[PDB]
Amino acid sequence: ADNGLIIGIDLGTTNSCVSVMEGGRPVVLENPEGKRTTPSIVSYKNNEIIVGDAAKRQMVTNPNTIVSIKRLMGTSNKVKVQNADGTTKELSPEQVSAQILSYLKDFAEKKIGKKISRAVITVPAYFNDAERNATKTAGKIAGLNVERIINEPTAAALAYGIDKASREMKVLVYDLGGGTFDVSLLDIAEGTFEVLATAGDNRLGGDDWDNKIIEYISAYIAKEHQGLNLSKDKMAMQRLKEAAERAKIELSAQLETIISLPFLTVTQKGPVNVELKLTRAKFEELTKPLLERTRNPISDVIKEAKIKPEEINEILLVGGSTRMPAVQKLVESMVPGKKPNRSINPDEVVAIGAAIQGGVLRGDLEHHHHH
Ligand SMILES: Nc1ncnc2c1ncn2[C@@H]1O[C@H](COP(=O)(O)OP(=O)(O)O)[C@@H](O)[C@H]1O
Ligand SMILES: [Mg+2]
């Protein structure tokens, strides 16, 4: 009743993910579109509210589609959407976040076959009391008793079982998501976590790598066409965003990718088309400034914690963007001798950790199997 399942939720800037403990193993639950992560995006059409993939498909084209709401959590800023009758609805960050949490809860209940009323939700380590409390409030609005707020790098460490280490460990977490870059140095001793230092940039993420591909496509276009004003064509812009992210993702697995955009826009001489082969080497050249900006935050946490690099016992790669080969190579170069951990899907690892934390809070060793 009050002692039922405690689901784990990663409420991310770009994507969200829900996991639950099942027979002593964390399981990641698929949304109704069959996907293990859900875009953190919400569309409003009066009281019809759409969350996730369907909303992402209109993020450029629909003025009542809300993105990056996490950035406002803990402030008294509002976002505005327009009702059918022309009046304006003001929404708090808590209210919009709550729609994402409600979507996850609803599909999780149908998968599990039970009502759910308890959760652990993750936040960035730098969140203050107001930012944490905003996240608790979003949970409450969605019908979830938020049993604990835990830090994202700590959740990742729980997923890997590092709290069960026999010796004291220093752990470097390099977390490159869609919008933000977080480096954390954790001390794990006696099954408890201490954040020794944090660094990074909350305006650097995978979106920036996409945007460099968009900038490149715009250059290719400019070799044949001037005076397009491409930004005013919202369909063109939505297609460019989708094509860039797709191309980037393919280049994590392959050495080349083809960007194909027939009838992208029109000029007085007919259609503008794109057919462009992008190699991994060219992609890496274009995005080198972005990659290099991730380097100094690693040495920042080493400096602040007053450790030598050899004192780092384990490295965790978190965030979808760490699937990029050049990102993995950079991290290896900064902690010589150590093989980074990426065996747990880096887009799911935070939610998995939250689900483990939920199991522990609920109790019952048959249920969490924490040894
Ligand atoms: N295979 C891949 N290669 C490169 N980038 C990827 C890959 N898979 C996901 N990404 C990127 O990861 C970013 C999202 O990170 P994620 O950790 O899932 O969310 P959040 O930023 O909300 O924590 C996006 O920029 C996405 O394109
Ligand atoms: Mg994240």
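Hydrogens, waters and symmetry mates are skipped; everything else that's a heavy atom, side chains included, is used. For this chain, numbers begin at 1 and follow the sequence in order.
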K.L.:
Any carboxylate oxygen within less than 4.0 angstrom of a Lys/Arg side-chain nitrogen, looking at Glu311 and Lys308?
P.N.:
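Salt bridge flag = no for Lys308 with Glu311.
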K.L.:
Between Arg57 and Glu33, is the closest basic N to carboxylate O distance under 4.0 Å?
P.N.:
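So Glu33 pairs with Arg57 through a salt bridge.
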K.L.:
Using a strict threshold of under 4.0 Å (side-chain N to carboxylate O), is an ion pair present between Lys241 and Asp207?
P.N.:
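Looking at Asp207 and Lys241, the cut-off is met.
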K.L.:
If the threshold is 4.0 Å, N to carboxylate O, is there a salt bridge linking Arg36 and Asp347?
P.N.:
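Result for this pair is no, no salt bridge flagged.
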K.L.:
Quick one: do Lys105 and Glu109 make a salt bridge, cutoff under 4.0 Å?
P.N.:
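Salt bridge flag = yes for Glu109 with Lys105.
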K.L.:
Are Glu245 and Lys56 ion-paired here, with the side-chain N under 4.0 Å from a carboxylate O?
P.N.:
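Counted as a salt bridge, because a side-chain N and a carboxylate O are separated by less than 4.0 Å.
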K.L.:
Assess the side chains of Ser40 and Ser16: does a donor N or O sit below 3.5 Å from an acceptor N or O?
P.N.:
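There is such a pair between these side chains.
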K.L.:
Decide if the gap between the ring center of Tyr216 and the ring center of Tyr220 is smaller than 6.0 angstrom.
P.N.:
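Not under 6.0 Å, so no.
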K.L.:
If you apply the rule side chain to side chain contact (heavy atoms under 4.5 Å, CB included), what do you find for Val301 with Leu196, and how did you get there?
P.N.:
CA-CA 8 Å; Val301 301; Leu196 298 177; over 6 Å; no
K.L.:
Is there a donor in the side chain of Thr198 and an acceptor in the side chain of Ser184, or the other way round, less than 3.5 Å apart?
P.N.:
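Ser184 and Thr198 do not have a side-chain donor-acceptor pair below 3.5 Å.
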K.L.:
Is it true that a side-chain atom of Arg295 and a backbone atom of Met334 form a donor plus acceptor pair closer than 3.5 Å?
P.N.:
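Absent.
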K.L.:
Could you check whether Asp201 pairs with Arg293 (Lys NZ or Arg NE/NH1/NH2 to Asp/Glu carboxylate O, under 4.0 Å)?
P.N.:
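Result for this pair is yes, salt bridge flagged.
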